Structures are given as C-alpha cells and as structure tokens.
Amino acid sequence: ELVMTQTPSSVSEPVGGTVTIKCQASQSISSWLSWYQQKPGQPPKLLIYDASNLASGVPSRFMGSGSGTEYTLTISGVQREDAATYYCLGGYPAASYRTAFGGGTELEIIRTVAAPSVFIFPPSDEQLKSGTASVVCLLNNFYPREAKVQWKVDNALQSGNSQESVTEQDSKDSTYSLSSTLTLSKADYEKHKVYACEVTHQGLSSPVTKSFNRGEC
Amino acid sequence: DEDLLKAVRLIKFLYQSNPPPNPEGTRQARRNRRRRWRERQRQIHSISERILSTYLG
Amino acid sequence: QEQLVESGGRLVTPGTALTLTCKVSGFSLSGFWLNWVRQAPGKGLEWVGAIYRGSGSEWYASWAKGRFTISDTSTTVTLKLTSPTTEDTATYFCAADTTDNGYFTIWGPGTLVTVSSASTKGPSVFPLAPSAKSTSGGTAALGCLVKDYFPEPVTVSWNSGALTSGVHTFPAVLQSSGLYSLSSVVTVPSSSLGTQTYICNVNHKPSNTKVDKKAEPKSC
C-alpha cells in the first residue's frame, strides 16, 4: 500500500548536464529509501542507500537527498555511461505499508548528430525453401533515435508486413541501431525483382535508399 | 492485527540474534566488542522504533 | 565474496504452479532480508515479497499475497507461484539486504518465467547476405536472422565470443503469429570478408537448441 511517485518518465541531457529524479512517498519513510541504476539486461546497481549516502565504487557525481516525502537523485556532471533506467526504493519489508519501487525514469544522454550506415539483407535460400521471406534493413550507429524506415517493393510502399527493433544506447559513443523486417510469403517474394529500403534521418543529407535486385549481384 | 504481531515477533528475533558478547578478556580487544555490540543494538533500536511507529500514526 | 543465483524460470501453462530458487552463498551474516523482485517485458521493478532468513518471517505485497509463497532453507530461498496467470510473465530476482536498512546491496542475475498456453518452438537460423550490397570501402556488415522461436531468451555471440567489437544483438520481437524473432549483426572491415570466417553462436536453452550457422558472402 506504500507508493513511490517517480518523476519524470524519461529525460534527455547532454554530457556535463545535470539530472534530477524525484520520488514522491505515499507514507512516512525515514531514511527508508535507496536509488538504483539499471542498464538493459542487467540486475540493478545500488547508487544511494539510506536516502543520501553513496555505495562504494559509485562516483561522486551521484547525489541523494530528501525532505520527508520528497526524495531526489541528482546525477551532477553526467557522463555517457549513466545512460540507463533509474529506480527508487522506499520503505521496509516489515510493513505496515511494506517496501515499494519508483517505477522508472529512462535517461537519454545527448551527443552530436551521427549518420546511420545503412545495410540491406536479402532472404536466404533455406528461408525461401520453407514458404516465408524476411527482408532486413539495418541502420548501424546513429544519433538521435528518431528515424523512419520505408519499404518499397518495386517502388510501391509497404506497411503492415514490417516490424522494427532498436538497440539501447551505447555506453561510450551514445549511438543507436535499428532493424526493420519486411515479412511476406515466398509467393509475394517471387512476384517482384527490386526491393528497396528508404531511410529518413536528421544526420542524413538526402533520404538514403539502399536496395537489391532479386538474383542480380 | 496479523501484521503487527508478526512485526513484533520479528523485532524480538532481531534482539535475540546479536545477543551479549562472550565474555572474553584481551587488552583493548575486550572493549572492542563493546563498540561493536553498542553499534549493533543502537541500530536495532532505531529499526524497531521505525517499524513499530508505522503501525500507529 | 557473497553471491545469488536464481533458477527455475521456465515456460509454464496458466494455473500450473512453478517454484523458483535462489542460491544464497558467501554471506558471513547469519540471518538477513531476502527479497523477490519481478520485472515484466520492458516494464518497471515490482517488489513481490521478502523473508527474514533466521526466522520464518514472510512479508508479501498487496497483489502477491495468496498466489505466492516464500520459503527459507539451509541452502536456499525459494518462491512458489501457486496459481500463475499470463500477467505473471516476468524476470524474477532475488536480492539480499546485508545491512537490514531496507536496501538491496547484492542482486541475483534473474530468471525468466513465461506464462503461456503456447508450446515451445525452436529457432530457425538464416544468415544475412553481405558481399557487394554491404560495402562502405573499409567496413561491411553481416548478420544472423533467428526467425520463429518460443519462449524467450536466445543468446547469439560471434566466433564463440571472440568477436566482440561492433556486435549488435537486437532485442527480440513477438510476431502476429505468436513467435519471437531476433537478429544479431556485426561490422567487419570489407577487406577480410573471405580471409576470416564468421560464425554466429546461437543458443535457445528453453528448447535445448545450440545452432552454430556460418554466414558467408552469397555465391554468384
């Protein structure tokens, strides 16, 4: 029944820039509070315990505080690494309101613009000899995360048959990477020869299109 | 209330655990555990204090 | 020196009870707090409950009470999911409190529970065709599509983890079919596209599959 009110949901900031995450306690909580950084596919790491003291290893730029019902994590001179989601933990397990979690705040580090190196991949023989064709468009190392990918089947646009996936931000080059997958049967794949992938990015001068011709290499 | 009974039973366990030292005599090392046991009980005190206070106001 | 490892995370049907285990090891301290924390796909942390080690002091959360059972032992802490439902799909964690000040100093790596009426399916591994359609002059990218599989996870690596720099394993994506699909890729200097052989080391443990498909520049 104890609740933690973590604000904001997301936050963008350049290197040097300072971040402030706020937790709003639903009950008492003395020093009954701790702060955690959680990088993707990794268990959280304790930064601040008992509201204001840093765990060992954790750098000085991490600052904790709170005034009765308001608690603040203050990453001062943010560095590329600090890019992660952050949680606060309030209370004690021994009730009366138990212990509860903040609910997250994703930190986007802000760097210069970077152009996506665009690569295209055609459906393999083994994949065809099954009954399905999957076309892949890759966008290696680029900032920001904002982009759109258009699928052109002989200069005719595709929509529903597409699916995208993006990596998390680099811990040292704050970049990204996307994966677009155009999926249709072996039947619809035979019907057309030239498949194109249109890429629209901020760091891109003109909307770069990378493509292939069926069989032609 | 179930919770409070459980909480108190637990606090009792926390006092039962970490009980008086041995006692063992050694120059300055005898008074060393006093510091240790005082620190530990001073802690348990505040934890219990806090745990219980949540079942009232 | 302390450590925690969880096991028991597996695909189960709904209502079909599962039991999770946490291997507590290296803790000088007798009794302490051991908490269970779940985290569903791309969601936040939710505390499930905790146990004071030396006793039988079980503490659950508002939602969890009833459908969950924490059991402390010699070696070691467990979590029983009495009546699981689809909403229970998450990765469960065990976390220790070496101070008794309500804070998780040491964490376990996690274990993924999957609650679904669907049956397990192994992956299909297709390569990603580099050659001339992927040449930047001094850099080239080749991949490994891991289409159609269930449940999560799958652990692709390159040249038995010898190839690290520039490897980008992509997050998995559920399809309208129900099956997951991912695709790991890597950037290599266009020069050594024949000189050095490139193998993606796939591993779908929840199906026993341990595929090792090799990606080479087409045929022509």
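Residues numbered from 1 in each chain as written, not as in the entry; some residues may be left out. Chains lettered and ligands numbered in written order. Heavy atoms only, no water. Residues with missing side-chain atoms left out of burial classes, pairs and counts.

Method of determination, as annotated in the archive: X-ray crystallography, at 3.17 Å resolution.

Draft legend 1. Expanded view of the interface of chain C and chain B. Across the contact, 10 residues belong to chain C and 10 residues belong to chain B. Contact between chain C and chain B buries roughly 770 Å² in total, counting both sides, with carbon and sulfur atoms accounting for 61%. If you sort the residues of chain C by the area they bury against chain B, C:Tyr52, C:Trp59 and C:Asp100 come out on top, with a joint share of 56%. In this assembly, chain C and chain B are joined by 1 salt bridge. Taking the shortest distance from any N to any O, the salt bridge between C:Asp100 and B:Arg40 comes out at 3.4 Å. The element contributing the most residues to the side of chain C that touches chain B is strand β6 (residues 57-60) of chain C, with 3 residues. Across the side of chain C that touches chain B, the residue classes tally to 3 nonpolar, 5 polar and 2 charged. (Contact = heavy atoms within 4.5 Å. Buried area = accessible area lost by both parts, 1.4 Å probe. Salt bridge = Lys/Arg side-chain N within 4 Å of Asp/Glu carboxyl O. Helix = DSSP H or I, 4+ residues; strand = E, 2+ residues; numbered from the N terminus. Nonpolar A, V, L, I, M, F, W, Y, C, P; charged D, E, K, R; others polar.)

Draft legend 2. Main features of the interface of chain C and chain A. Contact residues are listed per partner, giving 47 residues for chain C and 47 residues for chain A. Contributions of two or more residues to the side of chain C that touches chain A are made by β4 (33-38), β5 (46-52), β6, β12 (124-128), β13 (140-149), β14 (167-169), β15 (173-174) and β16 (180-188) of chain C. When residues in the side of chain C that touches chain A are grouped by element, the largest group, 5 residues, is from β13(C). Residue composition of the side of chain C that touches chain A, by class: 27 nonpolar, 14 polar and 6 charged.

Draft legend 3. Geometry of the nonpolar core. The biggest cluster of nonpolar side chains holds 58 residues, and the ones touching the most others in it are A:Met4, A:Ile29, A:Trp35, A:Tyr86, A:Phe101, C:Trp59 and C:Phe104. For A:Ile29, the contacting residues outside a window of four places in its chain are A:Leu2, A:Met4, A:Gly68, A:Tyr71, A:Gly90, A:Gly91 and A:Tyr97. Among the nonpolar cores identified, the runner-up in size contains 25 residues, and C:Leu20, C:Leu34, C:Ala40 and C:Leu81 belong to it. (Core = buried A, V, L, I, M, F, W, Y, C linked by side-chain atoms within 4.5 Å. Buried < 20%, exposed > 50% of the residue type's maximum accessible area, 1.4 Å probe, protein only.)

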